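Participant: Protein chains in written order, with PDB author numbering: chain A, 0 to 347; chain A', 0 to 347; chain A'', 0 to 347; chain B, 2 to 347; chain B', 2 to 347. A prime marks a further copy of an entry chain.
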Amino acid sequence: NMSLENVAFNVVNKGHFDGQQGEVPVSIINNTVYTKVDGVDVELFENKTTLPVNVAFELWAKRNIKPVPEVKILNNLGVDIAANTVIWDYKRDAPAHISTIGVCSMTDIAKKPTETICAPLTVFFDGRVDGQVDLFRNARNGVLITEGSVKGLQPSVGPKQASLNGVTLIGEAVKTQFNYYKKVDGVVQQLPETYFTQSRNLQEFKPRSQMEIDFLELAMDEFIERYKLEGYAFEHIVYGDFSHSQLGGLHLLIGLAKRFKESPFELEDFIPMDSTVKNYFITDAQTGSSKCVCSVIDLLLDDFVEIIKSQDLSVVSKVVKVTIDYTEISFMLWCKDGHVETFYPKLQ
Amino acid sequence: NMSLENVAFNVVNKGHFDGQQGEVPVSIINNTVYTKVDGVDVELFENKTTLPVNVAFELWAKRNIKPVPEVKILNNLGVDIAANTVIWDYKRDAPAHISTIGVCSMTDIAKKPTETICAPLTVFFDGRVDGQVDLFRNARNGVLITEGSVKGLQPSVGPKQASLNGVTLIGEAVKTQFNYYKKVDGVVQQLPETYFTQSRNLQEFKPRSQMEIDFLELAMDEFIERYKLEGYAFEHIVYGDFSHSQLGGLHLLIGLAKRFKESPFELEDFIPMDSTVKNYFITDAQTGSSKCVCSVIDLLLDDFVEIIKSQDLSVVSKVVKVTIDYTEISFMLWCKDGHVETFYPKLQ
Amino acid sequence: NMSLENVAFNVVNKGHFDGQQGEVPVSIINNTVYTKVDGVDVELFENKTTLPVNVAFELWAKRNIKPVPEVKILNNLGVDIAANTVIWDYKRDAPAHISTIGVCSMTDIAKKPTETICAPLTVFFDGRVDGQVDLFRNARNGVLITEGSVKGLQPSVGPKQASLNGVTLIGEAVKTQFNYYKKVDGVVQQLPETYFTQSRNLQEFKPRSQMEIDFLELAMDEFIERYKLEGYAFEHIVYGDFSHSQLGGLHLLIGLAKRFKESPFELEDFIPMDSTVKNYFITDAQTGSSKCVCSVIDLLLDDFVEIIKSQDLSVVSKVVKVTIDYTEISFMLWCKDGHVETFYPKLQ
Amino acid sequence: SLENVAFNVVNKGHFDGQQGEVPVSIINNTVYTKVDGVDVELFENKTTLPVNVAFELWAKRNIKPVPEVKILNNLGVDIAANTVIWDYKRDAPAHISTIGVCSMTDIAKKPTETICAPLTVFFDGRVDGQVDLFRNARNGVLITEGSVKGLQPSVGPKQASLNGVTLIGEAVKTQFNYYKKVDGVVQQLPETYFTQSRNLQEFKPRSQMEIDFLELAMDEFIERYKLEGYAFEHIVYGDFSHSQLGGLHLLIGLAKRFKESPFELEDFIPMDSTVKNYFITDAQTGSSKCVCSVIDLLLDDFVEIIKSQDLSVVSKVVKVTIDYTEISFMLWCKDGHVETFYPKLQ
Amino acid sequence: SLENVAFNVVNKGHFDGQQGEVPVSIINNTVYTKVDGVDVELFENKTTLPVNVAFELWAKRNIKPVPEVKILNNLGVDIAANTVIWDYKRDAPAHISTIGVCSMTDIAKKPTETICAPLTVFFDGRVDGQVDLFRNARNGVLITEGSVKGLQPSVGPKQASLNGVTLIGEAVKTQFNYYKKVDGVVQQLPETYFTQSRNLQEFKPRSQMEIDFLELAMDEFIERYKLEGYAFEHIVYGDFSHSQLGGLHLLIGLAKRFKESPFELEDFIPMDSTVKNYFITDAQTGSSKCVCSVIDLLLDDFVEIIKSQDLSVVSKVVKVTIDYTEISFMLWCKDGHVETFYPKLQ
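What follows is the structure in structure tokens.
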């Protein structure tokens with residue numbers, strides 16, 4: 000249904016689909032959509048997805064252009080589909096969900112989230128859309144986000160940052176912190192206490208606490224002495240060991256950011272997707288130290304200190320469970336003689 | 000005609016087509032041209048155009064490697080085809096024109112611009128090529144560029160910058176400023192007074208006037224006080240307003256360049272092509288302010304001041320026509336109580 | 000043989016092929032390999048080679064993840080194939096060799112380098128692999144690298160740098176300097192005296208000698224006066240001449256690096272491959288000077304001075320042979336009145 | 002694995018669960034394998050699925066007599082239980098998802114999982130345990146060779162599809178009993194006709210009436226079977242005298258014309274359906290028609306259908322249950338005689 | 002050049018060494034050229050090679066009667082000397098590399114180069130100088146129309162492939178002498194049978210026995226040629242009475258059944274080979290079989306083969322030299338009579 004030429008018209012004139020009338024000439028060659036501008040063809044969209052080119056073009060045009068939760072948050076909450084919108088996964092350059100509800104005729108399994116097939120699925124609801132809060136109250140399974148209080152529902156304060164057109168940010172002119180609600184089989188769930196990843200990047204890293212400021216500005220020996228971190232293997236775990244062929248430690252993003260400022264290195268994101276834990280194939284250019292799988296997580300340094308200082312160090316090795324981004328993340332804790340040897344996360 | 004293997008030989012040995020004899024083995028897989036170098040295949044060209052891979056490879060090899068006018072200039076003058084050359088559009092990674100004249104057997108509609116089919120078309124002529132000035136005198140419709148005076152023809156001084164192998168620059172070892180001539184139906188046209196875009200880029204921005212130097216170095220309140228810009232909404236139009244979810248103003252490239260130095264942001268070039276006005280989907284990373292369609296133009300700040308100060312501000316809204324790059328650009332001027340509210344261009 | 004799904008399992012869980020048991024769902028669309036992660040497909044590998052997508056995916060997964068000689072070194076030594084490993088050419092994003100030995104059922108011409116078909120081929124042997132040194136002693140034609148002495152074989156000290164996962168580096172936590180051995184028709188060859196290219200890059204250039212430090216920090220006139228280089232055309236050859244439309248000289252990478260720090264320019268690598276000499280289509284953005292084929296080599300400045308000062312300057316033009324990276328590189332030497340006019344390499 | 006699937010295809014003609022591996026190359030939408038140094042094509046992907054996925058599904062297709070896709074479609078079948086029904090009309094799987102067949106297309110390992118409740122799962126009573134799975138399924142369709150205790154059966158058509166070959170089994174059984182459940186409730190399947198599923202070239206009659214139609218002429222056939230006033234020639238034999246081709250809606254009529262004068266049929270919707278639409282062009286006269294609905298009913302059944310109609314109305318929609326689905330016919334009458342009577346596109 | 006190759010195809014039907022150029026467009030895996038402003042398809046790449054490469058090889062294919070690919074395969078031929086043998090069964094070159102043919106696929110310009118020593122190069126004695134190149138080759142295969150001085154010949158089959166057409170030449174010579182060298186030593190080619198290379202539809206008998214098989218009935222044919230106890234009907238004619246199709250392993254038997262009742266054959270390994278395997282489904286009865294090995298031997302030769310067997314063993318593997326390769330047959334016997342006797346997949 001709808002129109003391919005009408006979708007391209009909206010993209011050309013409005014930057015995205017805005018429900019406007021009009022058509023433009025369109026050519027589809029390989030996995031690329033073109034339109035003719037004064038006799039010559041101009042590329043509008045390159046299909047990087049597993050869907051037909053014309054279908055993925057329509058879903059990307061109809062993506063949500065407002066601050067939406069990051070895909071890793073939606074995945075950890077078990078979101079299967081969105082209600083009358085499309086969450087675009089910029090990490091994968093693809094839709095975050097397979098099917099849609101009242102968006103595209105090819106991908107629509109339904110037009111309204113109240114249809115029968117939507118009941119077993121966990122539908123994502125947006126409180127900023129009028130009526131979707133009540134649609135969440137009638138839905139069997141679903142997740143809801145709001146900017147304020149919901150009557151008769153205890154909220155869960157989500158992370159400070161959100162994704163706007165692929166840009167993860169803490170909004171100042173727009174609000175990016177949401178209240179989270181979840182229902183399973185009609186039962187409003189009580190979401191657990193959780194840490195949140197900071198979703199920062201290695202090059203444009205910015206500290207968000209005084210402890211992180213001291214980590215980047217001060218030397219390691221004096222930073223450990225100031226915050227009293229003797230015996231926790233912070234040198235190994237955070238800053239990493241580059242003295243051997245096998246790179247030791249380096250599992251906190253703030254550690255990678257500090258090293259990258261001083262010495263560049265290569266990171267192969269062999270599982271390119273949005274996930275709470277990221278695995279990388281790292282190769283240090285200065286020393287040559289490397290490691291095939293290096294689990295990295297972007298926790299606030301103050302939060303990581305709280306986690307490492309709240310563990311029992313009497314066992315040589317065990318699995319530690321930490322609730323991060325509403326999901327249970329497994330950490331491997333290695334100790335000897337009462338002090339920490341290493342402490343790294345694992346990917347699912 | 001000609002030879003695919005001979006074209007690849009010239010590219011390998013001369014960096015482009017130089018009319019040399021010789022052949023090399025060639026493989027064509029998908030939209031990519033390969034050649035064998037000591038037993039293994041090396042990629043020579045990736046077809047990003049709407050033409051067959053072997054044809055686009057030949058046209059790119061036969062591109063003009065001398066300073067040529069930017070495609071937006073040729074488009075605004077209504078150029079349909081070039082005479083015995085290929086203008087490569089690096090913005091689109093494709094030929095600037097559909098057909099050719101005496102270049103490629105597949106794309107040739109003629110071998111000489113004096114053929115019958117060339118008369119209704121606007122053929123681009125290069126005065127630096129011997130004989131093409133006189134070919135322009137006999138052509139019905141055409142555009143001519145020269146480095147010096149043409150006998151019996153009043154010239155139009157074009158922009159200072161030109162495109163050399165995709166690099167827009169003001170030449171110092173080579174000349175990039177041309178004289179422009181246009182004929183329509185055998186009648187030598189008189190080209191109008193026009194401003195010229197500066198064709199600069201956001202990251203490598205360089206000021207070309209003392210006013211632009213003061214804009215980047217001084218604060219906004221003192222820059223407006225120095226050049227006496229009270230009531231023209233220069234804060235809104237040039238520097239932009241990031242206090243709300245909808246990004247306000249920011250339509251001059253020099254404004255984007257100043258902000259990018261201080262705070263990064265995202266620009267989605269959803270119509271990737273060379274045009275006098277560029278539309279972008281912008282998202283500010285620091286504040287979260289955004290706008291789907293933000294028309295941006297790269298005018299010299301002194302020229303923009305002359306335009307904004309030469310308008311009647313008695314009407315709340317009207318369309319203002321400004322001749323830029325030999326084309327009529329429509330601006331929307333918003334005023335209230337005798338002062339400027341906003342003033343932004345529109346794209347065609 | 001083996002399993003596509005098992006190869007993808009190793010990549011997901013181990014970052015590369017590690018010989019582990021397990022399978023994951025795999026989709027192959029166009030030239031791209033995908034796997035399903037919680038209902039959605041994630042791209043694992045984009046085939047940029049001339050081989051079938053599933054085959055190239057297996058070879059890239061089974062690439063050698065240890066410091067290996069650069070492909071240009073292996074090519075100059077005439078290496079045709081590797082013994083029970085895959086050397087990945089990151090310059091071409093493709094295998095360095097067409098066939099394999101005991102790696103992939105589709106590309107295997109043999110399982111052991113002692114098979115009959117391996118005798119005429121020059122097989123690369125790794126002394127760090129147990130038993131491959133003796134396999135080199137029994138092989139007819141082959142090349143061997145070791146970290147230490149080989150009994151009854153005089154070694155050739157190779158370059159200081161090696162390629163680790165595509166990163167060329169001088170290892171500090173790992174050893175990157177090897178001893179080289181070559182046999183032709185069962186006869187252990189005596190490798191000649193050779194210079195070695197530094198394999199540095201233009202942006203992250205780092206000086207490796209006091210002379211190179213003085214070149215970057217001091218002005219040209221005083222650098223030539225300090226090291227007494229009058230009459231060798233070092234200004235032309237190294238720093239380049241940008242005063243004319245044809246760019247003069249600039250054939251040493253250290254010269255390009257110094258200019259790029261001060262003024263950016265464009266380099267078109269029209270033969271993207273690993274070779275001792277690299278040809279580029281250069282365009283200077285500041286001046287507009289350009290050249291279609293500009294041979295560039297990355298020699299230590301001290302070594303280049305030794306070469307230019309060890310030539311006879313009585314002839315206007317001649318071909319000079321220099322042994323670099325174990326291969327004979329042809330240089331063109333131009334002189335007049337006893338002084339050097341220019342001196343540039345040529346590509347094969 | 003991909004190499005194991007290709008092994009079974011080479012050695013067993015299909016996936017047979019045997020262990021083994023062969024080298025595989027995937028280029029374009031085609032699967033190749035090396036036989037003495039050269040590549041041999043094993044499968045050309047004509048589906049909308051990835052090449053390796055569709056290859057695995059085609060290898061795991063059901064090689065036993067299965068109901069024709071038009072039957073499963075008319076019954077609302079959405080998925081199959083631990084098997085793949087291959088749509089040879091489309092060179093593609095008859096269903097999007099699978100149950101315990103392929104890791105890429107599986108929505109579940111077993112049909113009793115909660116994700117399979119709102120879907121109408123197809124069950125094969127010839128496989129052990131599938132009858133009981135049909136009893137525990139919320140929505141489903143079941144075929145059996147014999148009776149199921151307590152269930153009121155519905156006798157299916159005589160023919161079935163075997164490796165894309167529609168046939169009435171003689172060394173095998175092709176007629177099944179049909180059962181359907183909706184929202185956990187067994188539904189009474191309606192009394193229906195069945196299409197004969199014959200083809201143009203190899204058309205063969207299946208009744209003395211169909212033998213008389215082919216051997217005799219219309220004027221004698223209309224008199225012997227008393228078909229005056231029903232426009233049987235226009236509807237079945239067709240009219241080629243004008244620019245627009247008139248009538249011709251029974252496949253037996255197309256077969257009679259084809260042996261005499263050839264014509265072209267463009268199956269512009271290439272799929273298995275009870276009513277097929279074609280763009281027909283007669284090579285001898287030039288008469289044509291863009292949309293010509295054709296159905297392969299036994300001529301005796303069509304005679305029974307047309308004669309039970311009320312010929313006192315100029316036009317009315319006649320709903321006939323064929324292949325378990327309601328087929329709408331357009332009936333035009335005038336002065337007590339039939340003008341035309343044709344089916345409509347489903 | 003690419004444009005020169007396309008010139009020869011248009012003007013000469015193949016590459017003929019003529020000079021000239023025509024404009025060429027390469028899209029998908031297809032080669033096009035402009036004829037009066039519009040593109041005409043010249044070649045659709047069905048191979049695993051790049052489109053421009055496979056096009057050049059197909060244009061330079063050998064247009065003379067050449068041995069069938071199954072013959073060259075059974076002799077271990079790896080490459081051809083200054084020619085291209087086109088495998089029409091696969092729509093692809095019969096060999097991966099070339100010698101002095103195409104710059105992209107050439108491993109050498111001349112077969113006497115050192116890289117060609119371990120490979121079995123195919124030599125054509127009809128080309129000047131190739132016989133002497135065979136003498137100097139370490140591994141090779143040679144065909145000639147006459148005798149070569151000093152070499153013990155091996156008479157090849159009567160038929161050959163001409164532009165993909167297998168025929169017994171009448172205006173041309175299709176029977177050659179064969180020679181083989183291994184490690185520089187001439188090898189004695191074994192005494193062998195030859196397949197007839199006939200097809201299903203255009204099947205024609207080549208002996209009075211094959212004429213009697215088609216005209217007469219089995220009971221009379223078995224008596225006239227004294228084939229009692231050899232299960233000749235089960236093996237040749239086949240059994241359609243059960244779910245699994247029984248026997249049917251001689252192509253002449255398939256031809257007899259096909260003219261009576263049609264059946265479907267899925268060539269799931271589409272290549273030229275002495276023994277072909279098919280997934281067969283009979284349209285009338287429904288009897289089928291996933292892997293049915295078929296071979297096109299002269300019926301007189303098969304009678305000679307089956308009668309020389311020892312019928313006192315329940316099961317044993319019988320190796321028969323056919324098309325210069327050892328074909329393994331499965332022989333099942335009981336109580337002195339043959340149960341079945343079928344070839345196996347190569």
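C-beta atoms are modelled at their ideal positions from N, C-alpha and C, and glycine is treated no differently.
Restricting to Cα atoms, I'd like to know which of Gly-239/A', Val-276/A', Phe-303/A', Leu-152/A' is closest to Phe-264/A'.
Facilitator: As a position in the second sequence, residue 264/A' is number 265, starting the count at 1. Of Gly-239/A', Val-276/A', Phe-303/A', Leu-152/A', the residue nearest in Cα terms is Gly-239/A'.
Participant: Label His-96/A'' either buried or exposed according to how many other C-beta atoms from any shown protein chain fall within 10 Å of its C-beta, with 16 as the threshold for buried.
Facilitator: Taking the third sequence and counting its residues from 1, one reaches residue 96/A'' at position 97. Classification for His-96/A'': buried.
Participant: Just how far apart, CA to CA, sit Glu-114/A'' and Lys-35/B?
Facilitator: Locating residue 114/A'' in the third sequence gives position 115, where the first residue counts as 1. Locating residue 35/B in the fourth sequence gives position 34, where the first residue counts as 1. The alpha-carbon atoms of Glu-114/A'' and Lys-35/B are separated by roughly 21 Å.
Participant: Cα separation between residue 350/A' and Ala-60/A?
Facilitator: An answer regarding residue 350/A' cannot be provided, because it is not within the stretch 0 to 347 covered by chain A'.
Participant: For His-338/A'', which beta-bridge partners are listed by DSSP?
Facilitator: Locating residue 338/A'' in the third sequence gives position 339, counting from the first residue. DSSP output for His-338/A'' lists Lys-335/A'' as bridge partner(s).
Participant: Consider the Cβ of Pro-51/B': report whether some Cβ of chain A' lies at a distance smaller than 8 Å.
Facilitator: Along the fifth sequence, read from residue 1 onward, the residue named residue 51/B' stands at position 50. Judged by the 8 Å Cβ criterion, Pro-51/B' is in contact with chain A'.
Participant: Using the beta-carbon count (16 or more within 10 Å), is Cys-103/B buried or exposed?
Facilitator: Position 102 of the fourth sequence, counting from 1, holds the residue named residue 103/B. Buried, since its Cβ has 16 or more Cβ neighbours within 10 Å.
Participant: Give the secondary structure of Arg-225/A' by DSSP, where H, G and I count as helix, E and B as strand, and everything else as coil.
Facilitator: Reading the second sequence from its first residue, position 226 is the one you call residue 225/A'. Reduced to three states, the DSSP call for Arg-225/A' is helix.
Participant: I'd like to know whether the C-beta of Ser-309/A'' is nearer than 8 Å to at least one C-beta of chain B.
Facilitator: If you number the third sequence from 1, residue 309/A'' lands on position 310. For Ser-309/A'', the answer is no, since every Cβ of chain B falls outside 8 Å of its Cβ.
Participant: Between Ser-198/A'' and chain A, is there a C-beta pair that is closer than 8 Å?
Facilitator: Taking the third sequence and counting its residues from 1, one reaches residue 198/A'' at position 199. It does not: the Cβ of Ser-198/A'' has no partner Cβ on chain A nearer than 8 Å.
Participant: Given this structure, state the Cα-to-Cα distance separating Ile-281/A'' from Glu-4/A', to the nearest angstrom.
Facilitator: Here residue 281/A'' is taken as the residue at index 282 of the third sequence, counted from 1. Here residue 4/A' is taken as the residue at index 5 of the second sequence, counted from 1. So the alpha carbons of these two residues sit roughly 24 Å apart.
Participant: Can you tell me the Cα-Cα spacing of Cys-117/B' and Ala-109/B', whole angstroms?
Facilitator: By one-based count along the fifth sequence, residue 117/B' stands at place 116. By one-based count along the fifth sequence, residue 109/B' stands at place 108. In a straight line, the C-alpha of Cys-117/B' is about 7 Å away from that of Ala-109/B'.
Participant: Are the beta-carbon atoms of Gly-248/A'' and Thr-341/A'' separated by less than 8 Å?
Facilitator: Numbered from its first residue, the third sequence carries residue 248/A'' at position 249. Numbered from its first residue, the third sequence carries residue 341/A'' at position 342. Their beta carbons are under 8 Å apart, which means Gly-248/A'' touches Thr-341/A'' by this criterion.
Participant: Assuming the contact rule is C-beta atoms closer than 8 Å, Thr-49/B' and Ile-28/B should be a hit. Round their C-beta distance to whole Å, please.
Facilitator: Within the fifth sequence, numbered from 1, the residue matching residue 49/B' stands at position 48. Within the fourth sequence, numbered from 1, the residue matching residue 28/B stands at position 27. About 6 Å separates the two Cβ atoms, so the contact holds.
Participant: Can you list, in chain order, the residues of its chain with a C-beta nearer than 6 Å to that of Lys-111/A''? Leave out the 5 residues immediately preceding and following it.
Facilitator: Locating residue 111/A'' in the third sequence gives position 112, counting from the first residue. Once the five neighbours on either side are set aside, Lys-111/A'' has no close Cβ partner at all.
Participant: Are three or more beta carbon pairs between the region 225-243 of chain A'' and the region 331-340 of chain A'' nearer than 8 Å?
Facilitator: Yes: the two stretches touch, three or more of their Cβ pairs being nearer than 8 Å.
Participant: Using alpha carbons as the reference points, say which of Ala-81/B, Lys-290/B, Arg-258/B lies closest to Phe-269/B.
Facilitator: Stepping through the fourth sequence from its first residue, residue 269/B is reached at position 268. Comparing Cα-Cα distances from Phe-269/B to each of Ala-81/B, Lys-290/B, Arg-258/B, the minimum goes to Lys-290/B.
Participant: What in chain B is Cβ-close to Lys-205/A'', meaning under 7 Å?
Facilitator: Numbered from 1 along the third sequence, position 206 holds the residue referred to as residue 205/A''. The contacting residues do not exist; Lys-205/A'' stays about 43 Å from chain B at best.
Participant: Measure the C-alpha to C-alpha separation of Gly-254/A' and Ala-284/A' and round it to an integer number of angstroms.
Facilitator: Locating residue 254/A' in the second sequence gives position 255, where the first residue counts as 1. Locating residue 284/A' in the second sequence gives position 285, where the first residue counts as 1. Cα to Cα, the separation comes out at about 16 Å.
Participant: Report yes or no: do the region 13-20 of chain B and the region 55-71 of chain B share at least 3 C-beta pairs separated by less than 8 Å?
Facilitator: Cβ pair count under 8 Å is three or more, so yes.
Participant: List, in chain order, every chain A' residue whose beta-carbon is nearer than 9 Å to that of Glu-45/A''.
Facilitator: For this step, residue 45/A'' is matched to residue 46 along the third sequence. Residues of chain A' passing the Cβ test: none, with the nearest at roughly 12 Å.
Participant: Looking at the secondary structure, which residues open and close the alpha helix (DSSP H) in which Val-32/A'' lies?
Facilitator: On the third sequence, position 33 is the one that residue 32/A'' refers to. First-last for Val-32/A'': 31-36, but that is the beta strand (DSSP E), not the alpha helix (DSSP H).
Participant: In chain order, what residues of the same chain lie with their CB nearer than 8 Å to the CB of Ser-148/A', ignoring the 5 residues before and after it?
Facilitator: Here residue 148/A' refers to the residue found at position 149 when the second sequence is read from its first residue. Cβ within range, chain order: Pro-154, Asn-178.
Participant: Taking only beta-carbon positions, decide if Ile-28/B' is within less than 8 Å of chain A'.
Facilitator: By one-based count along the fifth sequence, residue 28/B' stands at place 27. Cβ-Cβ to chain A' under 8 Å: yes for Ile-28/B'.
Participant: Please identify the residue among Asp-133/B, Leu-43/B, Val-292/B whose C-alpha is closest to the C-alpha of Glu-267/B.
Facilitator: Sequence index remark: in the fourth sequence, residue 267/B carries index 266 (1-based). The option with the nearest alpha carbon to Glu-267/B is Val-292/B.
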